[PDB]
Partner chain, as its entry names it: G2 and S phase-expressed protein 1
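Coming up is one lone chain in structure tokens, specifically the form solved without the partner chain.
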């Protein structure tokens, strides 16, 4: 059978001398497909291990006293913290670029762009530009709906006008997602039940300007749902993007499963969704139509990034497998025509994203 996606194993971190005890959410970071950082204690000495994905054979270990390390998405620039102490280093320059002392512990942080670090404290969210003498600026106060959640993600639209904070907690013996969507222009927060989310830019045919889309997936008691919604006033002259809501299927033996990660391909206009217990889903961004579901593994993929090369998703599982999934550009249109029997979707996707196979419907 032809599959509309392709899997690829890039690395086993245990073949690089990474101890499996350090392959987890709190100790391994992958902020982009260019680097993986792992904090390890070897003897008495805390180290950071930096894997250059363009040179994976030669990890470099450096001593640290940081509780958290996140590499810049594009440059060998690393953000380190220990409690309230934040430091930015250019590794190649062996130089401290910037430092700041917070008045609150940072419980979650990540790079939201090439030049900005987002910081989450117990009660607020900050952006920290690496430009000039910029210090962290508060973006919004955390909503009470996320109080006592484990913060697992933070994302923004391209223009940093829509901000989304995601926490989870145990309620009624399931993992319940609490999201806060903040409008920077309107200064309004919306609490939303959700597990995974991304923003995307999408130009509707007949529109001169891109639409800003907010895509989120949730397992409620209502069952699995994926939502694709335009945020903000449509650009002048644009038609509005019509809201989509579709089902997210969980089989009977995965009654405890829930979405953990989402990446949107702007090349293919598809949504990749990964569940906690190793299901992969592919949805059309325009309509929400489910294209494909299958099981990767039992294994939790606990961190993901965009895979630039393939317009796909790359992740690491608890075994230390670095795995990517992308659209199979040669099979997806035949797969949608023949296996899904959806010649409409097939033909739309074939001309929208310039793919082969809708000559033969």
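In this text, rigid core is short for the largest set of C-alphas that superpose within 1.5 Å between two forms. Residue numbers count along the first chain shown, from 1. Only residues modelled in both forms are compared.
Q: With reference to the PDB entry, specify whether the mean Cα temperature factor is higher for 153-161 or for 166-174.
A: According to the PDB entry, the answer is 166-174.
Q: Identify the stretch, either 245-253 or 81-89, whose C-alpha atoms have the larger mean B-factor according to the entry.
A: The entry gives the higher C-alpha B-factor average to 245-253.
Q: Between 65, 68, 32, 321, let me know which has the highest C-alpha B-factor in the entry?
A: By C-alpha B-factor in the record, 321 ranks first.
Q: Say you rank 305, 36, 48, 301 by Cα B-factor from the PDB entry; which sits at the top?
A: Largest recorded C-alpha B-factor: 301.
Q: Going by the recorded CA B-factors, say which third of the chain residue 193 sits in, lowest, middle or highest.
A: According to the entry, residue 193 has a C-alpha B-factor in the chain's middle third.
Q: Quick check on the deposited entry: does the C-alpha B-factor of residue 280 sit in the lowest, middle or highest third of its chain?
A: Middle third, going by the recorded CA B-factors of the chain.
Q: Split the chain's modelled residues into thirds by Cα B-factor; is residue 236 in the lowest, middle or highest one?
A: Ranked within chain, residue 236 CA B lands in the highest tercile.
Q: Per the entry's values, where does residue 223 land by CA temperature factor relative to the rest of its chain, in the lowest, middle or highest third?
A: Highest third - that is where residue 223 ends up once the chain's C-alpha B-factors are sorted.
Q: Using only modelled residues of the chain, where does the Cα B factor of residue 100 rank: lowest third, middle third or highest third?
A: For residue 100, whose C-alpha B-factor we compare with every modelled residue in the chain, the answer is the lowest third.
There is also a form deposited with the partner chain bound; it is not shown, and the following applies to it.
Q: Check residue 188 for me: does it contact the partner chain in the bound PDB entry (non-hydrogen atoms, 4.5 angstroms)?
A: It does: once the partner chain is placed as it appears in the bound PDB entry, residue 188 has a heavy atom within 4.5 Å of it.
Q: Is there a non-hydrogen atom of residue 160 within 4.5 angstroms of a non-hydrogen atom of the partner chain in the bound PDB entry?
A: Judged by the heavy-atom cut-off of 4.5 Å, residue 160 is well away from the partner chain in the bound PDB entry.
Q: Residue 229: heavy atom within 4.5 Å of the partner chain in the bound PDB entry?
A: Output for residue 229 is yes: heavy atoms within 4.5 Å of the partner chain.
Q: When the contact criterion is heavy atoms within 4.5 Å, does residue 192 count as touching the partner chain in the bound PDB entry?
A: Judged by the heavy-atom cut-off of 4.5 Å, residue 192 is in contact with the partner chain in the bound PDB entry.
Q: Does the partner chain come within 4.5 Å of a heavy atom in each of 202, 264 and 307 in the bound PDB entry?
A: Not a single listed residue reaches the partner chain in the bound PDB entry, so no.
Q: Counting non-hydrogen atoms within 4.5 angstroms of the partner chain in the bound PDB entry, say which of 142, 155, 276, 127 makes the cut.
A: Result of the distance check: 142.
Q: Between 115, 107, 135, 183, only one gets a heavy atom within 4.5 angstroms of the partner chain in the bound PDB entry; which residue is that?
A: Contact check passes for 183.
Q: Report the stretch among 251-259, 266-274, 229-237, 284-292 that approaches the partner chain in the bound PDB entry to within 4.5 Å, counting heavy atoms only.
A: Selected stretch: 229-237.
Q: With the two forms superposed on the core, which of 185, 205, 253, 133 shows a CA shift of 2 angstroms or more between this form and the one not shown?
A: The one that shifts is 133.
Q: Using a 2 Å C-alpha criterion and requiring 3 or more consecutive residues, which regions move between this form and the one not shown after core superposition?
A: Shifted segment: only 132-134.
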